[PDB]
Structures are given as structure tokens and as C-alpha cells.
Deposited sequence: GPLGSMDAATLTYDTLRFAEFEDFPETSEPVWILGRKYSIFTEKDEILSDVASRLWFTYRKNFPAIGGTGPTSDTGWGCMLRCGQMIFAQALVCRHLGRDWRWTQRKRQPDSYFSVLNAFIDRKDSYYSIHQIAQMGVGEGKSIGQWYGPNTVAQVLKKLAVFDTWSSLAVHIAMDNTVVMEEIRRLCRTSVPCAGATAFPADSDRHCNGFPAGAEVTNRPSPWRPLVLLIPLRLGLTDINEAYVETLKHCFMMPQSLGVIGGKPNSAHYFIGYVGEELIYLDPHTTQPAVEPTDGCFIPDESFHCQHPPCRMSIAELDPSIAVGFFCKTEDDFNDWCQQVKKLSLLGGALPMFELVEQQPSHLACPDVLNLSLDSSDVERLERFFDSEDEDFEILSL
């Protein structure tokens, strides 16, 4: 569907452009905006990769789109983990060796940690047949189990259910050792599944949703919408900015040596935008906290959200929870009359 989408440049207004925790002016920082979007690892449908499980699909066209959005949000976490948020991709420059290793982790082969092969197979353990629809929560759960194998990145993945982030649980997950007076904290990928409305996002949530893209830790949001999943990376005005997986590219021939031809993993078309009002209410918001200090900063930023006209918080932060019978499976809404 991306192939026949309409693309607009459609700046040039005073409204700040926010991409993954960084603020830009369309008037003066247009190139920096476009560089930042193009630098993100983009994952689309692929064809002619090795058959999944020997006998299954050789392409994910028409079924893989939430899996691709899951790949993009997790790739961005790996980019921050290994390369840093300041890293940018440029043609005609040599990228760090860690860049090709991150990219290597998503190529369409069973020996890559987060290949479509590994995601689809792991999804079976989640009750989902190869070809079935994944919501944000199932894709998040799959990425957690997949990351266990990735000793290179050594990430902690926490999926915060019940609209609650429990700080003691995060420390339990991330602390590798008792803290002194790499490393002592497993870099954290925090994913928070949410349901923000009945068929539409409740507009009380809108300002809280925007601020989620405004944190240094922001990984963006994955969301959809059967067969129309997007990776939202930011916003301008009343529109989200997103990366879209809906185009089928030839699989890239796996890596003999360090170098991988990487042009097709970088979105160079005008960035997609849609009204926040068009957004399906089932989402997962991500944050990356590389050190405990980042996590503490993120916690402070969440507390400051509990004020102003709206927020209107979509999740709560608590030090500890009386956990002797609870859930998942639980998401919460939060419906007015007559929703």
C-alpha cells in the first residue's frame, strides 16, 4: 500500500517537529529532520528469503506488518544501545562495525536474533499461527523472548501490563550487581501496551501521547489496525510521523564479511504522517533506558506528566505492587458515556 500512498512535504509551519525525543524547526532544521528519519532502521515486507521452518512462507507480504513494526522499534533500541541516539546514517560514509551487527540481527535468515523467521516461530508459542494477526502486545512479548539469546546487546525487556510500571520490578530485571559507591544495569527496553479508546483514541490521551515522543528515552509507538501497522517515530501539530512497512523488497543476500548493502533499510521518501485522530486505539509505547540514571530521569519525566490540563496519564508509575494474585492479561479503559 505504501507504493500508491500520497506523500506531501507539507511543512512549513511554526509547530515543532518532534522525532524520538528531539525537537526540530521545519524552517531551519529541515535537513536534520530528514536525516534523523532516514537514519532509523526501516523494515518492510521482504520476498525470497529462506522458507520459514523449511516449508512455510518465503515472503511476509500481507501478514508480517506488525512484525516489521516490532522489528523497527526494537532496532531503534539496539541503535541507541550500540550506536547512540546521536548516530546518523549517511551515504558515502563508513558506518561503525556495530551498525552492521545491529542490522545483521534483523536480516531475513533464521540465524539472525530478530529475523522475521525467529519472530514468526516464537509467535507460535504465543498462540499465533504464522500468518495470524499480531497486536502490539504479542509482538512485544515475542521480542522479550528473542532478546534472551542476544548476549551481545544483553538487554532487559520489560512489558508493563495493567497500565502500571513497577520500579522495583525494573530494578529486579536490570540490576546485574549491587551498585557501587560492562555493566551494572542491563540496558532497558520498556514496552507499555495500551488501549486508548473504543474504536478511536480518547482525546484526553492526546497530550499525554505527544509527550511520550518528547522524552530523551522515547522509542516511539507501534500501532495498528489489522494489516496497516505503523511505527510512529514522532509528531508535528495534530499529526504523528511514522515509518511504514507496506512495500515488498527483495531479501538482501546474507553477510559474507562485515559489509551489508543497506540502502533498502533506510526510508528516503517523504516521511509519512497521519492525524492522531485516525490512530487505532491499540498501541504499545516504548522507552529505552541505557543506564539506571536514564531510568531515574524517565521516572521523573513521567511524574511531571501527572499534571497540567492533560495529561491525563495513560499509565502509572509505582515503587512496588502487592503481587499475590493479579494479571496480565490486563489492559484498561477508561470509557466515558456513551463509549
{"property": "Missing stretches, numbered from 1 on the deposited chain sequence and kept in order", "result": "1-14, 196-220, 379-398"}
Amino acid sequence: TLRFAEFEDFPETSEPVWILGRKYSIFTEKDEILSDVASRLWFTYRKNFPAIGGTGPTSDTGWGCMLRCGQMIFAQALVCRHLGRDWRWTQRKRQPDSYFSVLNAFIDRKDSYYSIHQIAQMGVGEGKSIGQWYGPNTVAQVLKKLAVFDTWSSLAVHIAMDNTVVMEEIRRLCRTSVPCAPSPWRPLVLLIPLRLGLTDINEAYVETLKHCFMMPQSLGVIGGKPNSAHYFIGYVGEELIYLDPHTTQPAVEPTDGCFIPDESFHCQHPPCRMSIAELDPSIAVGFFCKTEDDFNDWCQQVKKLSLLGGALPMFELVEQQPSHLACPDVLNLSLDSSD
From here on, numbers count along this sequence of modelled residues.
{"item": "Greater mean Cα temperature factor according to the PDB record, 241-249 or 194-202", "value": "194-202"}
{"item": "Of 45-53 and 303-311, the stretch whose C-alpha atoms average the higher B-factor in the entry", "value": "303-311"}
{"item": "Top Cα B factor in the deposited entry, candidates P216, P187, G131, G234", "value": "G131"}
{"item": "Selection by C-alpha B-factor (highest) of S282, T28, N296, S39", "value": "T28"}
{"item": "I33 CA temperature factor, ranked by third within the chain", "value": "middle"}
{"item": "CA B-factor ranking of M122, expressed as a third of its chain", "value": "middle"}
{"item": "Lowest, middle or highest third - CA B-factor, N227", "value": "highest"}
{"item": "Entry-reported Cα temperature factor of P254, expressed as the chain third it lands in", "value": "highest"}
{"item": "Third assignment of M161 from its chain's C-alpha B-factors", "value": "middle"}
